[PDB]
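Accompanying notes for the structure given below.
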Amino acid sequence: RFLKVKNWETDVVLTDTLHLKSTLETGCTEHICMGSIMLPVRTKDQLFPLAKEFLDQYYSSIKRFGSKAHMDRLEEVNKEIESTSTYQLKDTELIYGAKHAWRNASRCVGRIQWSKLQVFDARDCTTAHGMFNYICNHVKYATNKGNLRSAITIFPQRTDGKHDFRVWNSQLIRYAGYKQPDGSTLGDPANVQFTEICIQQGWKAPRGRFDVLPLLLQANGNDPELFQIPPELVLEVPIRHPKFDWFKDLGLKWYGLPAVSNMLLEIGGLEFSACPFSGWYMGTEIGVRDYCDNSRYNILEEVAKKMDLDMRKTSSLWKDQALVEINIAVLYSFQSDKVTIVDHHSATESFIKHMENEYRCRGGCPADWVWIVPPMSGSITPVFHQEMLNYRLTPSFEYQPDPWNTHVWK
Amino acid sequence: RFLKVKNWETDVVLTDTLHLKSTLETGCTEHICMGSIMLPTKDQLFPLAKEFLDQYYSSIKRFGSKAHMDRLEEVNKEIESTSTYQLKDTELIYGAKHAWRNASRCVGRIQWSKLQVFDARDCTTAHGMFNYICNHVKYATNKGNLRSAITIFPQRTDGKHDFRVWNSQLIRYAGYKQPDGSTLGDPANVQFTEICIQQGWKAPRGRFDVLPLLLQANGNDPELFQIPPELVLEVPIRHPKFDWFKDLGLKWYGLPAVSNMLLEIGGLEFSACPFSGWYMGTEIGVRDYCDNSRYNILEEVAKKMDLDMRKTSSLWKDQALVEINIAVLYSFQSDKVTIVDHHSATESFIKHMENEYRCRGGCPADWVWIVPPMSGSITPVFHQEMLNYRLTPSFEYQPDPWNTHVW
Ligand code: HEM
Ligand code: HEM
Ligand SMILES: C[C@H](O)[C@H](O)[C@H]1CNc2nc(N)[nH]c(=O)c2N1
Ligand SMILES: C[C@H](O)[C@H](O)[C@H]1CNc2nc(N)[nH]c(=O)c2N1
Ligand SMILES: CCCCNC(=N)NO
Ligand SMILES: CCCCNC(=N)NO
Ligand SMILES: [Zn+2]
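First to last, the sequence lines map onto chains B and G.
Under full-length UniProt numbering, read the first sequence as residues 299 to 338, 348 to 717, first letter to last.
Under full-length UniProt numbering, read the second sequence as residues 299 to 338, 350 to 716, first letter to last.
Encoded structure:
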């Protein structure tokens with residue numbers, strides 16, 4: 299069954315056959331759509356078919372499907388599974404898998420860049436200190452003095468579920484948050500709970516508005532351990548406005564490396580619970596969400612005041628006005644400091660070309676509209692007008708529960 | 299079975315059970331979400358009639374009463390004999406209100422119970438429809454103090470005697486593709502604007518010409534009618550700061566009135582049921598004015614604001630967008646014409662969702678349509694999880710008549 303997707307701004311119609319290979323569930327049914335819902348140890352029994360599916364995709368991608376190399380590998384893996392209950396991926400398969408989990412990430416608007424991904428094989432790591440070293444090298448390589456390079460570091464896969472490797476931080480770089488006795492919060496409200504764990508674990512918090520949190524690393528299922536990322540390795544950008552000279556006095560800055568560290572990478576049925584990855588920011592992640600979400604730095608008012616906007620009634624659109632300036636500032640500061648960043652128009656225009664390319668050469672591109680459309684100026688970006696089909700393909704990146712809610716402390 | 303919905307800005311969680319009464323499909327499957335797709350017999354009839362009457366009586370606290378049972382049998386017998394039936398005025402009103410209540414893509418449903426219903430089921434001709442429509446327009450406009458309303462024409466019979474309002478909305482501007490290759494007026498209406506032209510209309514070939522109604526009664530060919538200008542309230546768009554704004558020569562009509570949908574109540578289909586509420590500012594300022602396929606006025610407005618349109622990263626399109634929308638709301642409020650900004654409207658919707666969850670056990674909502682076209686995450690609906698499902702009575706999409714009509 300072929301599915302048609304239309305762009306109501308250009309009438310370009312596309313056909314999707316790719317979804318026919320989808321296997322996982324979406325959370326929706328023929329009676330209800332869960333499209334805006336944020337979150338809707349394997350057995351030998353279930354593992355081999357997952358491995359086969361993967362190795363077939365892999366061997367077909369290199370044009371060796373049916374080859375002896377392909378057949379042998381299938382027998383090798385199969386034997387290994389029956390022999391050990393699991394199996395190890397060749398380096399080539401790991402790189403391929405990692406790149407494809409990104410290619411399949413329907414919530415990611417930056418996928419045009421999917422084939423350019425530096426993969427760091429950290430499967431030989433055994434300790435938290437070991438993890439710390441691998442992560443510092445990832446941060447340095449990735450930051451590349453402001454000229455960002457996409458990368459991912461992959462730690463040992465899950466075995467019995469009692470020896471998981473995990474990066475407790477949700478992102479490698481984020482600012483601490485502190486709940487004050489008067490109910491106010493200093494720093495980033497999103498990280499208050501994690502910040503409490505770090506402090507409890509021994510972190511000496513400077514209790515400021517932009518303190519970089521310490522890495523909290525768990526190796527082989529052991530209790531996690533704290534590590535400070537060398538400051539010289541954390542690239543930061545002071546935020547200022549090209550016209551509003553008072554903007555800088557707002558005392559704002561943000562880090563340049565966005566590195567998701569709490570997701571699970573699944574390849575051939577194998578689970579990589581610690582797989583920190585990074586690209587570069589789209590301006591609105593910082594300017595719209597991090598700075599203006601009511602539950603984050605919530606800076607709209609203050610910026611609103613300084614601009615002396617009519618804040619008496621919402622219909623003045625004072626919030627919308629301050630929002631644009633804040634985002635103008637973030638983009639301005641990053642470009643001035645020569646730190647890679649992409650605006651929402653560029654990013655979405657690019658995703659549109661990527662998507663079209665993918666329908667033609669791949670037969671589709673799963674995409675989650677709800678996440679793809681930028682948090683500001685939605686309809687003046689091309690993705691707003693683009694019908695998208697969302698389905699799950701593997702390899703893929705999945706959510707997993709927070710470690711503090713599952714870990715058995717030793 | 300009991301689904302939960304979370305608001306990520308406020309941590310509030312609501313439990314949904316209303317979906318368990320859903321009956322129609324969504325377009326999605328366990329393997330694919332089509333949440334962003336724009337358009338995903351006597352025996353058939355009685356069951357629909359029963360589901361409806363059941364909920365109607367339940368709403369009036371007379372569920373399983375004799376009246377309930379009596380009516381169920383009357384309609385029952387009526388279908389067996391007439392292959393259809395007629396709703397009691399009370400049922401018609403209840404149904405229309407609930408079709409609105411069930412409109413998952415409508416953000417202004419907090420207003421759902423206040424709906425003026427005009428029963429035009431006795432209409433028989435295009436002139437009759439024109440009279441009913443002018444009356445609707447006038448009543449709803451109320452000199453600027455808009456009142457929500459719907460006018461319901463005769464239900465479908467054998468499909469060869471359907472009533473239809475060929476316009477997509479009661480009041481729209483015409484569009485004509487010029488020699489230049491460009492488009493004059495509303496690009497969206499070029500096809501309709503032509504069907505009028507070709508049907509007989511004499512276009513003033515302007516940029517904001519109110520289109521003529523094209524009514525179809527009982528299946529006959531449609532006829533043209535020009536709405537009395539004094540009945541079409543318009544608003545000249547000026548900025549509360551940019552005196553030059555006015556020179557753009559922009560204006561918009563005050564009455565938003567969808568006329569191409571189908572109202573389904575207890576199995577019956579009303580193919581001509583124009584309805585209207587009042588505008589949320591972004592509909593005009595963001596979509597009508599700034600869509601590249603509409604009046605596409607960003608550049609012009611950006612130029613007059615003297616912004617660097619060299620690089621997209623200066624966010625000139627964004628800046629202008631904000632001014633344009635500040636103007637729209639400004640004017641409307643200046644001319645005392647009802648309008649609502651996306652902040653106020655979305656805030657209302659959240660409040661309505663909370664009422665619906667605690668009083669009805671849920672509220673179907675299509676996030677893709679509920680979140681405003683600009684400033685998405687600064688409105689509360691952006692952070693609100695929404696479950697979408699189809700309940701009846703409802704408003705459904707239907708084929709444009711000119712692709713089904715046999716002249
Ligand atoms: C090259 C630069 C890239 C850009 C500009 C880009 C941009 C984005 C943005 C704007 C989001 C939404 C983030 C949010 O709202 O929290 C996103 C999500 C995502 N990206 Fe990308 N991305 C890039 C690279 C990457 C890389 C390298 C990977 C994978 C190897 C990746 C995988 C994902 C995933 C899995 C999500 C959704 C995360 C979640 O569910 O929380 N992205 N991306
Ligand atoms: C009184 C204030 C009301 C407000 C502010 C409001 C606002 C909205 C908005 C912003 C949309 C999206 C329109 C678009 O983007 O095309 C919408 C759609 C819709 N509304 Fe409401 N509405 C109101 C009244 C009504 C009434 C009276 C009805 C019907 C009884 C209604 C039924 C619907 C339906 C079915 C849709 C979706 C139409 C489509 O799919 O094209 N609305 N409304
Ligand atoms: C493709 C996508 O479904 C389409 O652009 C939708 C998105 N959300 C919308 N939301 C509203 N209110 N109105 C629309 O016309 C749309 N268009
Ligand atoms: C409830 C709703 O799904 C939620 O607020 C989503 C919407 N779209 C999003 N899109 C992106 N890119 N990031 C987010 O965190 C969200 N949050
Ligand atoms: C770190 C924020 C979420 C993912 N965003 C991103 N731009 N990845 O590279
Ligand atoms: C007629 C435009 C779409 C519906 N909008 C509206 N505000 N209804 O009342
Ligand atoms: Zn869905």
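All residues carry an ideal CB built from backbone N, CA and C; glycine is no exception.
Interface residues of chain B around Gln642(G) at Cβ under 9 angstroms?
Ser622
Count the other CB atoms, across all protein chains shown, that sit within 10 Å of the CB of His436(B); report buried if there are 16 or more and exposed otherwise.
With fewer than 16 neighbouring CB atoms inside 10 Å of its own CB, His436(B) falls in the exposed class.
Can you tell me where the beta strand (DSSP E) with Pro545(G) in it begins and where it stops?
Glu543 to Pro545
Starting from the beta carbon of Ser686(B), find every residue of chain G whose beta carbon is closer than 8 angstroms, and list them in chain order.
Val595, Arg596, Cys599, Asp600, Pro682 and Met683
Would you call the segment 437-448 of chain B and the segment 691-710 of chain B in contact, with 3 or more CB pairs under 8 angstroms?
no
Alpha-carbon spacing of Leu572(B) relative to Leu520(B), whole angstroms:
24 angstroms
Looking at chain B, is there any beta carbon in it that lies within less than 8 angstroms of the beta carbon of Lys626(G)?
Residue-level contact by beta carbon holds for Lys626(G) and chain B, with a gap shorter than 8 angstroms.
Contact set for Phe551(B): own chain, Cβ-Cβ below 8 angstroms, skip 5 residues either direction:
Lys613, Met614, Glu632 and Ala636
Ends of the beta strand (DSSP E) at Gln507(B)?
Looking at the DSSP string, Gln507(B) is not in any beta strand (DSSP E); the run it does join, the alpha helix (DSSP H), is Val499 to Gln507.
Kindly indicate which three-state DSSP category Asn601(G) falls into: helix, strand or coil?
Shown here, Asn601(G) sits in coil according to DSSP, grouped into three states, outside any helix or strand.
Any beta-carbon of chain B closer than 8 angstroms to the one on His652(G)?
yes
Flag this pair as yes or no: are the beta carbons of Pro583(G) and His445(G) separated by less than 8 angstroms?
Against a cut-off of 8 angstroms, the Cβ pair of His445(G) and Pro583(G) comes out as a contact.
Nearest candidate by alpha-carbon position, reference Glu578(B), set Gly670(B), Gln507(B), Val348(B) and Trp553(B):
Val348(B)
Would you check whether ligand 5 has a heavy atom nearer than 7 angstroms to the C-beta of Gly417(B)?
Taking 7 angstroms as the cut-off, one finds at least one heavy atom of ligand 5 near enough to the beta carbon of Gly417(B).
I'd like to confirm the pairing. Which residues does DSSP put opposite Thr324(B) in its beta bridges?
Bridge partners of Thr324(B): none, in fact.
Which chain G residues sit within Cβ distance under 7 angstroms of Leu572(B)?
By Cβ distance, chain G contributes nothing, its closest Cβ being about 22 angstroms from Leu572(B), past 7 angstroms.
Secondary structure at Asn529(G), three-state DSSP: helix, strand or coil?
coil
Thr399(B), enclosing alpha helix (DSSP H) - first and last residue:
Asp398 to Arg410
Hey, could you find the ends of the alpha helix (DSSP H) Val384(G) is sitting in?
If you look at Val384(G), you'll find it in the alpha helix (DSSP H) that goes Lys375 to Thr391.
Exposed unless 16 or more other CB atoms sit within 10 angstroms - verdict on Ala449(B)
By the 10 Å Cβ count, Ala449(B) comes out buried.
Can you pull out the residues from the segment 510-530 of chain B whose beta carbon lies closer than 8 angstroms to at least one beta carbon of chain G?
none
Quick check on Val646(G): buried or exposed, where buried means 16 or more other Cβ atoms within 10 Å of its Cβ?
buried
Residue ranges of each beta strand (DSSP E) within the segment 623-708 of chain G, 3 or longer:
Here the runs fully enclosed are 703-705.
Near ligand 3: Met695(G) beta-carbon under 7 angstroms from a heavy atom:
no
Counting C-beta neighbours from all protein chains within 10 Å, is the total for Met336(B) 16 or more, i.e. buried, or is it exposed?
exposed
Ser686(B) versus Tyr394(B): straight-line alpha-carbon distance, rounded:
Computed Cα separation, rounded: 47 angstroms.
Taking only the alpha-carbon atoms, compute the straight-line gap between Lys555(B) and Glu592(B) and give it to the nearest angstrom.
19 angstroms
Compare the beta carbon distance of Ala566(G) and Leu479(G) with 8 angstroms and say whether it is the shorter of the two.
yes
Closer than 8 angstroms is the cut-off here; do at least three beta carbon pairs connect the segment 386-403 of chain B with the segment 355-372 of chain B?
yes
Examine the Cβ distances between the segment 689-701 of chain B and the segment 659-667 of chain G and report whether three or more of them are shorter than 8 angstroms.
no
Would you kindly check if the distance between the Cβ of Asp675(B) and the Cβ of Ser374(B) is under 8 angstroms?
no
If you check the beta carbons only, do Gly453(G) and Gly594(G) fall under 8 angstroms apart?
no
Are the C-beta of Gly453(B) and some C-beta of chain G separated by less than 8 angstroms?
no
Can you name the residues that DSSP bridges to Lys319(G)?
None; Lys319(G) has no bridge partner.
So, does the segment 600-614 of chain B touch the segment 487-496 of chain B, judging by three or more C-beta pairs under 8 angstroms?
yes
Contacts around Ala408(B), its chain only, beta-carbon distance under 6 angstroms, and the 5 residues preceding and following it disregarded:
Same-chain partners within the cutoff: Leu572, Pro702, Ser703 and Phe704.
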